[PDB]
């Protein structure tokens, strides 16, 4: 089982049949961070009888995902993943050869065309900035409306709407049904997806579990069926009002490409695997950004001074005679550091999506067989005692330069939330720019808080993306 002369990664003692599952508990990232602090940056655990490699140090993770990237770019064949959309997602499917590579590039390019690349019709900004500006204003209006009435709101719920509007435009243009209760019911409930498609879910390691009545699982299955139906219906409509001489969104750009015949290793890639790329773009893009923006607002509600510093900087740099813009990003050091600290401290992607090895290899001298499931603990990297001052504390200042006039780029680089290597997030820049512009436009006009005495629980709920408990008492007020 192991070649002559080599040894396997360090493995803690485990229970028969169970392996280390009881140790992961409700917060797998916290438990593995402790287990790694004892055994190493490269260890294996066992869930049920399935071996799982856990990587926890930034150096080791870079060695595996970047330098041995081709060995670590696989996705494991998990049960939960078989239930995702059409079983053919770019994110979750097990293919990681030339077809995955070609689909990723087409996804990435189409996404870039309609987001961060400048817009033709426009004279000065990219599509993203145009959509976000519009949606951030309308969000402000919606928030003032709610304050003039019930006098409070749920930040997560209002953020869902705006974010869904932005990514839906990019994906489907005018065909996106902003009013659809079918889509709103879906985007408000991605916790049904995220809670089940997370690292170490017992469903993926003990086949018995899937035969038992399981409401979380049934909700995962129904969410996925409803998600796929909505996406397919929307592309279908789209298809109807589509001309190759006027591509205006991601769906149309993928249609145009599929029509020309994209290939991989000399072979045509089936049209269905090209057009279904908006399923990954919309799913990942909506949920992540909504979670990030909601965590940021909650941080501000719970840290008035930080919120105040952010506001002081916008006044000083932009004034109050115009709204913030993307081109103001390098000059708004403190807001960028706020965002970076929202990412580090929450580590709302505690783990990257699970990886799998594509061939037998050795990592730091340890033998790892082909098709070994691999978990990468981003929360551990981001809370490493040896890597950061007070890991548990929320401090935007830790990312600022000595004179606090810019972001310490070298240190920003040790904060891992978008993966690394062959599988790293294709919407990273897009996400950073959208979160920035949303918060800048927002905070230039509104100050968020919760009434005195009202408690706010900021404990994250474990999942692919970690959510915070719902708080429906937040308030917003303009300010002199």
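Positions refer to the first chain, counted from 1.
Check the entry's C-alpha temperature factors for 243-251 and 279-287, then say which stretch has the higher mean.
Result of the comparison: 243-251.
Mean C-alpha B-factor higher for 441-449, or for 65-73?
Here the higher of the two C-alpha B-factor means belongs to 441-449.
Deposited CA B-factor, highest of 341, 389, 192, 360
Going by the entry's C-alpha B-factors, 389 comes out highest.
Looking at the C-alpha B-factor values in the deposited entry, which of 199, 327, 96, 232 comes out highest?
So the option with the highest C-alpha B-factor is 327.
Could you say whether, by C-alpha temperature factor, residue 211 belongs to the lowest, middle or highest third of its chain?
Highest third - that is where residue 211 ends up once the chain's C-alpha B-factors are sorted.
Lowest, middle or highest third: where is residue 155 by C-alpha B factor in its chain?
Ranked within chain, residue 155 CA B lands in the middle tercile.
Assigned third (lowest, middle, highest) for the C-alpha B factor of residue 455:
Answer is highest: the recorded C-alpha B-factor places it there.
Chain thirds of CA B-factor: placement of residue 426:
Its C-alpha B-factor, which the entry lists for residue 426, ranks in the lowest third among residues of this chain.
With respect to C-alpha B-factor, does residue 163 fall in the lowest, middle or highest third of the chain as deposited?
Residue 163: CA B-factor falls in the lowest third of its chain.
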